[PDB]
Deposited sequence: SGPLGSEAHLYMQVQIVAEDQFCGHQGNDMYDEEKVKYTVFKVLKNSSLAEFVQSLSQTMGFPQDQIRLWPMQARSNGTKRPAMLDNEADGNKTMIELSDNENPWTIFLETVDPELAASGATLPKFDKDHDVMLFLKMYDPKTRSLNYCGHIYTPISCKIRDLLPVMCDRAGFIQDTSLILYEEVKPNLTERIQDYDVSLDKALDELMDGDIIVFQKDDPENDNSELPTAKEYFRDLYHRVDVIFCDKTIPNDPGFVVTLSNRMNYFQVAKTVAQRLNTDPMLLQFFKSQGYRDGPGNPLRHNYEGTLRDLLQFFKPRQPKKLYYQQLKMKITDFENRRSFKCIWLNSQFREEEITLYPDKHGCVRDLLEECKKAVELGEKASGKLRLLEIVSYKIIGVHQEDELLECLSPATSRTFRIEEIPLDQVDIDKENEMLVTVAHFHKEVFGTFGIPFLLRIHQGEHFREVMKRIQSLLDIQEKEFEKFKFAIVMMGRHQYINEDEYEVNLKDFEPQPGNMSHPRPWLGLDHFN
C-alpha cells in the first residue's frame, strides 16, 4: 500500500436523491457539508450505460424509471442539476461526461414511489422545448423554506398555469394569490413581475435546475421579521454566527451570536453586551487572525469597519470566532491608559518593579494614587507618596503632583521611583532635605539605592547611626567614608570631629545641580 496500483483508474460519483433537498434552508438544493450521498467508485474509462445499469441494480430501480441530472456549476457560483441524455451520451465514458470532475455529483430522479408499484414510466422530457424547474415555498410566519419538489414544463408555458401546481404542492386552495420569485443566486432573489408571460420570456437564461420561490400574498405576512422571500434570502446572505470567547479565561467555550456581515462595532458590541447583561462600553474587543488561534491587537471603538471586515481573514468552512474581555472602567478610558514602568520602594527600603496605568492626560498625583492602590504602606507611618527621578543611582529630582505625566522623560536612563515619606520628612522649616548616594569611586562610580535625608548643623556621628539603622548594615559600616559633593569637587568628612549647615546648596555662582552627601564603600 497504501495507495493501490489501479487506484488512478477510478473516479468517484456522488449520487444525491431528491429527499436531500427537503428542509434545506439555503440557496441551491442542498448544503454541501450536510447532504448524504450514495457514493460510487466507478472506472474512469467506463461508460454511462454501464454506470446506469450498475446504479439501477444497487439502488433497486428499473432503468426506465430513473433519470440522472448531473450537478453542474454555473459562473455565478451556484450549483444546479443539468440535462444529461442517458441515451445519446451513454456511449461515452464517465471522465468525459464529468469534464474531469472528481468527484462528480449527480441528481438521481426517481418515480413517485406510489406510482412506482403501478409500474409507471418517468414522463417524457424534450431536451429543447422543456425545462425541469424546482419549486420552493417560503413561509413568512416561520421564516422557513419548504421544498415543493420539481416539475417538467414546456418553456412556452405561461407562468400563470404553474400556479395551481405550486399551490397544490405547498398545501393551498386554488383561490390563493401567490408571490413568485426566481432564486437566481445568493443575494439575488428576483420577483416575477408578470405571470401572463411564458417562462421562456419571463426568466433570463431559462434553464434546467432553475428555481422558482413562491409565497402567499397575505397581509398577515407584514408582521414577520422577514415578509418576502427576497428579504429572507438577503438576510440569509449576510447572516453570520460568531463565537465570542473571553481572552482572560483560556479554554473558554465562548458562545455563539448570530450577527450580520453588515454590522458596525457599536452594533456588534451592543449585541454581545445584551446576553452579557453588562454595558457595551464595559467591553473591549480584539482584532482577529484565523488559524494560529489567538487574540490579536485590541480592536478599538473609533473603529468603523464592518463585522465582515473583521472576519475577512477567515476561511469559509472555518468556524468564526472573536475574543473579548470584560472591562472594569468605561471602554473609552481604558484606551487612554498609559503604561508606566517604575520602582516601588516599600517601607522595608527594598525595591520592587511595578507597572502602573494612570491616565495619559493625567498628572503626577494621578500616578501616585494608582500606586497607593497596589501596595500596603506600613502601619502607623505617614502614608504619603512622592515621585523621584533617579539617574546613575543618584536622585536628580522630586516632582510636584500637579505636574502632567506627559512632561516626564521617556528616556530609559531615567528611573522613576515611588516611596512613602518617612514621618520625619513632612513638616519642615534650621533643617533641610538632602540627596544621598552610595559609591566607590572618585565621584561618579555610584551604586545602590539613593535617598532623601535630614540635614540643621549638629552631631554628625548621630547622622551616621541614623543612616546605619536605615541601611540596616550590621558592623562593614566601619570603613565607610563620607563626603559632600559639589560642582567639580568633593571634600570628605571623617567620622570623628565634624558637626553642618547648608553647605548643601549652589554657592552663589547656578541653581542646579545641587550637592549631595555620598557614602564611600565597596560593591
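Trainee: What ranges of the deposited sequence are left out of this structure?
Mentor: No coordinates exist for the deposited residues in 1, 431 to 432, 459, 480, 505, 516, so these stretches are absent from the model.
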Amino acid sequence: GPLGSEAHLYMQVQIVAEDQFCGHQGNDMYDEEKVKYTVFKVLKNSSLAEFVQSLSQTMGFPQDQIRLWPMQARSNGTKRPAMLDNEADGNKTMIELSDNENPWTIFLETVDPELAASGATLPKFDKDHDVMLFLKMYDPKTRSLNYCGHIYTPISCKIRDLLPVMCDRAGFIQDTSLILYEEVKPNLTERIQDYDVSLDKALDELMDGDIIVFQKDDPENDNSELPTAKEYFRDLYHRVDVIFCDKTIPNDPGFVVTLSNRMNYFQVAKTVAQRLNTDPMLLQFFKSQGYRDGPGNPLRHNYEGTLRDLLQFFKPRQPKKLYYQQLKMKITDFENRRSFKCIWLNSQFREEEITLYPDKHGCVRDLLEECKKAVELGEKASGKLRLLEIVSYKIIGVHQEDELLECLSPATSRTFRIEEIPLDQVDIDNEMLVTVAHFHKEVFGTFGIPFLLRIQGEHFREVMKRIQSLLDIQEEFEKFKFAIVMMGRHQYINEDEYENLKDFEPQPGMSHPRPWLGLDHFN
From here on, numbers count along this sequence of modelled residues.
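Trainee: When the C-alpha temperature factors are averaged for each of 130 to 138 and 430 to 438, which stretch ends up with the higher value in the entry?
Mentor: Comparing 130 to 138 with 430 to 438, the higher mean C-alpha B-factor belongs to 430 to 438.
Trainee: Where do the C-alpha atoms have the higher mean temperature factor in this entry, in 287 to 295 or in 259 to 267?
Mentor: Stretch with the higher mean C-alpha B-factor: 287 to 295.
Trainee: Have a look at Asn187, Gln72, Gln348, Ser392 and flag the one whose Cα has the highest B-factor in the entry.
Mentor: Max CA B-factor in the entry, restricted to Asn187, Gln72, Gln348, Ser392: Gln348.
Trainee: In terms of CA temperature factor as recorded, identify the highest of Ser47, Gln456, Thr38, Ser56.
Mentor: Highest C-alpha B-factor among the listed residues goes to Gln456.
Trainee: Once the chain's modelled residues are ordered by C-alpha B factor and cut into thirds, is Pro515 in the lowest, middle or highest one?
Mentor: Answer is middle: the recorded C-alpha B-factor places it there.
Trainee: Can you work out whether the C-alpha temperature factor of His399 puts it in the lowest, middle or highest third of the chain?
Mentor: Its C-alpha B-factor belongs to the middle third of this chain's values.
Trainee: When the deposited Cα B-factors of this chain's modelled residues are ordered and cut into thirds, is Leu356 in the lowest, the middle or the highest one?
Mentor: Ranked within chain, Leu356 CA B lands in the lowest tercile.
Trainee: Based on the entry's values, in what third of the chain does the Cα temperature factor of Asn494 lie: lowest, middle or highest?
Mentor: CA B-factor rank for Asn494: highest third.
Trainee: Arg239's Cα B-factor: lowest, middle or highest third of the chain?
Mentor: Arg239: CA B-factor falls in the lowest third of its chain.
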